[PDB]
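Source file: model-v1.cif. Holds: mmCIF, C-alpha atoms.
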data_model
#
loop_
_atom_site.label_atom_id
_atom_site.label_comp_id
_atom_site.auth_asym_id
_atom_site.auth_seq_id
_atom_site.Cartn_x
_atom_site.Cartn_y
_atom_site.Cartn_z
CA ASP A 1 31.98 45.74 98.35
CA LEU A 2 32.42 41.99 98.59
CA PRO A 3 30.67 39.98 101.32
CA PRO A 4 32.41 38.97 104.56
CA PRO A 5 34.05 35.53 104.61
CA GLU A 6 32.49 33.09 107.05
CA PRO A 7 34.24 30.23 108.84
CA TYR A 8 33.30 26.92 107.27
CA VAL A 9 33.82 23.65 109.11
CA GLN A 10 33.40 20.12 107.82
CA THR A 11 30.38 18.09 108.88
CA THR A 12 28.76 15.42 106.74
CA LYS A 13 28.26 14.86 103.03
CA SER A 14 26.09 12.30 101.29
CA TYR A 15 24.34 12.27 97.93
CA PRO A 16 21.33 10.14 96.95
CA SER A 17 22.36 10.04 93.31
CA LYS A 18 25.78 8.87 94.41
CA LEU A 19 24.15 6.24 96.60
CA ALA A 20 22.92 4.09 93.74
CA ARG A 21 19.87 3.63 95.93
CA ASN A 22 16.46 3.01 94.41
CA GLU A 23 15.27 6.54 93.75
CA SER A 24 16.58 9.52 95.68
CA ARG A 25 15.72 9.93 99.34
CA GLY A 26 17.55 7.03 100.95
CA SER A 27 20.82 5.72 102.33
CA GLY A 28 22.15 2.21 101.81
CA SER A 29 24.30 0.57 99.16
CA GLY A 30 27.84 -0.04 97.99
CA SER A 31 27.78 0.61 94.26
CA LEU A 32 31.05 1.18 92.45
CA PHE A 33 32.22 4.07 90.30
CA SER A 34 30.19 3.39 87.18
CA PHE A 35 30.44 2.37 83.54
CA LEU A 36 27.91 3.97 81.24
CA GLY A 37 25.07 6.13 82.51
CA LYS A 38 25.08 9.92 82.43
CA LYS A 39 22.33 12.27 81.32
CA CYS A 40 22.46 15.79 82.70
CA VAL A 41 20.71 18.79 81.20
CA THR A 42 21.88 22.39 81.35
CA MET A 43 19.74 25.31 82.44
CA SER A 44 21.57 28.61 82.16
CA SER A 45 25.11 29.88 81.75
CA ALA A 46 26.72 32.82 83.51
CA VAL A 47 30.35 33.83 83.78
CA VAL A 48 31.54 34.14 87.37
CA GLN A 49 34.77 34.19 89.34
CA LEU A 50 35.45 31.48 91.89
CA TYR A 51 37.00 32.87 95.06
CA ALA A 52 38.13 31.36 98.34
CA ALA A 53 37.97 33.16 101.67
CA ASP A 54 41.73 33.15 102.16
CA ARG A 55 43.26 33.83 105.55
CA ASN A 56 43.30 37.33 107.00
CA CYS A 57 39.75 37.36 105.68
CA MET A 58 40.48 37.97 102.02
CA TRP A 59 38.75 36.26 99.12
CA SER A 60 41.18 34.75 96.64
CA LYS A 61 40.21 33.92 93.08
CA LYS A 62 41.12 30.40 92.03
CA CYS A 63 39.91 30.33 88.45
CA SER A 64 37.22 32.20 86.54
CA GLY A 65 35.33 31.38 83.37
CA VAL A 66 31.91 30.39 82.07
CA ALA A 67 29.69 28.72 84.64
CA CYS A 68 26.44 26.91 83.92
CA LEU A 69 23.93 25.20 86.18
CA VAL A 70 23.32 21.61 85.15
CA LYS A 71 20.34 19.59 86.32
CA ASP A 72 19.87 15.84 86.12
CA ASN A 73 16.31 14.97 85.16
CA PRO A 74 16.92 11.21 85.02
CA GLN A 75 19.43 11.21 87.85
CA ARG A 76 17.35 13.73 89.77
CA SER A 77 20.24 15.87 90.95
CA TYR A 78 21.97 19.18 90.32
CA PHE A 79 25.64 19.85 89.69
CA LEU A 80 27.52 23.13 89.41
CA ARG A 81 30.65 23.23 87.29
CA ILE A 82 32.81 25.95 85.78
CA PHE A 83 34.70 25.91 82.50
CA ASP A 84 37.70 27.94 81.40
CA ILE A 85 37.52 30.29 78.44
CA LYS A 86 41.12 29.66 77.45
CA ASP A 87 41.60 26.06 78.52
CA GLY A 88 37.94 25.31 77.89
CA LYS A 89 38.17 22.77 80.69
CA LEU A 90 36.71 22.23 84.14
CA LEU A 91 38.16 24.75 86.57
CA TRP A 92 35.70 24.09 89.37
CA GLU A 93 33.02 21.53 90.16
CA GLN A 94 30.54 21.19 93.00
CA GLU A 95 28.30 18.25 93.80
CA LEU A 96 25.13 19.78 95.21
CA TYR A 97 23.73 17.89 98.18
CA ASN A 98 20.27 17.17 99.52
CA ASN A 99 18.42 20.18 100.89
CA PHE A 100 20.55 22.54 98.84
CA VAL A 101 20.28 26.27 99.45
CA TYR A 102 21.70 29.29 97.69
CA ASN A 103 23.17 32.15 99.69
CA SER A 104 23.21 35.63 98.20
CA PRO A 105 23.80 38.30 100.84
CA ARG A 106 25.18 40.46 98.05
CA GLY A 107 23.89 41.78 94.75
CA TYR A 108 25.83 39.38 92.55
CA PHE A 109 27.89 37.34 94.98
CA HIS A 110 26.73 33.94 96.16
CA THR A 111 28.60 31.77 98.64
CA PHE A 112 28.49 28.06 99.37
CA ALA A 113 30.21 25.27 101.25
CA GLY A 114 33.38 23.98 99.63
CA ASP A 115 35.02 20.58 99.90
CA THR A 116 36.80 21.42 103.14
CA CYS A 117 37.27 25.15 102.65
CA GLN A 118 34.90 28.05 102.11
CA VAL A 119 34.52 29.36 98.58
CA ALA A 120 32.42 32.10 97.03
CA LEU A 121 31.28 32.82 93.50
CA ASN A 122 30.96 36.22 91.86
CA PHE A 123 29.14 36.66 88.57
CA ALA A 124 30.37 38.97 85.84
CA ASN A 125 26.97 40.62 85.60
CA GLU A 126 24.39 41.50 88.23
CA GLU A 127 21.37 40.39 86.24
CA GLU A 128 23.06 37.08 85.48
CA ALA A 129 23.41 36.72 89.23
CA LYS A 130 19.81 37.73 89.86
CA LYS A 131 18.56 35.30 87.25
CA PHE A 132 20.91 32.74 88.76
CA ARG A 133 19.34 32.74 92.21
CA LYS A 134 15.92 33.11 90.64
CA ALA A 135 16.65 30.07 88.50
CA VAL A 136 17.82 28.00 91.45
CA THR A 137 14.88 29.02 93.60
CA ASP A 138 12.53 28.39 90.70
CA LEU A 139 14.05 24.94 90.44
CA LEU A 140 13.92 24.39 94.18
CA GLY A 141 10.35 25.63 94.11
CA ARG A 142 9.35 23.20 91.38
CA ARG A 143 11.07 20.37 93.21
CA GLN A 144 9.78 16.87 92.54
#

Can you dump the structure from the file as C-alpha cells?
Amino acid sequence: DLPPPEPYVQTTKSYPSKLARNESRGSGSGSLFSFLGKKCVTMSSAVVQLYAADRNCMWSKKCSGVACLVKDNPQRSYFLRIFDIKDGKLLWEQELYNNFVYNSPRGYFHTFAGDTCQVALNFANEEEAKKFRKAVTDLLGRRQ
C-alpha cells in the first residue's frame, strides 16, 4: 500500500544558486530576478503521480505526467519539475535545496517537503523509481 503521510511544518528555505553569490556555499546578496542566463541539463525521465497528504491522512493526486530530473552543471543545482502529457506544460516544480535528501520508504513512492504542505510522488513503474533514487544518490555521491 501507499506510505503513511507525515506532518510537515515550515522552517527555513534558502538556495545558493538563487543567492547570486560567488559560487555555491554562501549567503549574502540582493540580486534581482534575472535577464538571460539558464543552462540546465536533464538526467532521466520517469512518469509519476504527484500526491498531497490531504487531511484525514489521505494522499490526493494533484497532477500526474512525465517527470524528469534536471541538473544544473553551470549553475550547480538540481531542480525537479513535472510536465503534463495532455497540456504538455509544467504541472509541478520543486527547487531542491542544499543538503538535499531523497526519501523512499516504499518500493516506488518517494516523499519530500513541499512549499508549505507535504507532497509525495509515485512513479508509474517500480524500476523507474529504483533507478530514480539510484540516480539521485549517484548524483549526491558524485557531488562536487

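When you apply the PyMOL selection byres ((chain A and resi 32) around 10) to this structure, what comes back is residues 18, 19, 20, 29, 30, 31, 33, 34 and 35 of chain A.
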
Those residues with C-alpha atoms, as a JSON list (two decimals), keeping the file's coordinate frame please?
[["chain", "number", "residue", "atom", "x", "y", "z"],
["A", 18, "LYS", "CA", 25.78, 8.87, 94.41],
["A", 19, "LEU", "CA", 24.15, 6.24, 96.60],
["A", 20, "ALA", "CA", 22.92, 4.09, 93.74],
["A", 29, "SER", "CA", 24.30, 0.57, 99.16],
["A", 30, "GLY", "CA", 27.84, -0.04, 97.99],
["A", 31, "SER", "CA", 27.78, 0.61, 94.26],
["A", 33, "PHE", "CA", 32.22, 4.07, 90.30],
["A", 34, "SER", "CA", 30.19, 3.39, 87.18],
["A", 35, "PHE", "CA", 30.44, 2.37, 83.54]]

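Here CA of residue 66 in chain A and CA of residue 124 in chain A stand 9.5 Å from one another.
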
*If you measure from CA of residue 133 in chain A to CA of residue 64 in chain A, what distance in Å do you get, rounded to one decimal?*
18.8 Å

*Result set, the PyMOL selection byres ((chain A and resi 12) around 12) on current file, as number ranges by chain*: A: 9-11, 13-15, 97-98, 113, 115-116

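In this comparison, which uses all atoms listed in the file, the residue of A:135, A:119, A:58, A:96 approaching residue 16 in chain A most closely is A:96.
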
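For the pair CA of residue 46 in chain A and CA of residue 87 in chain A, the interatomic distance is 17.1 Å.
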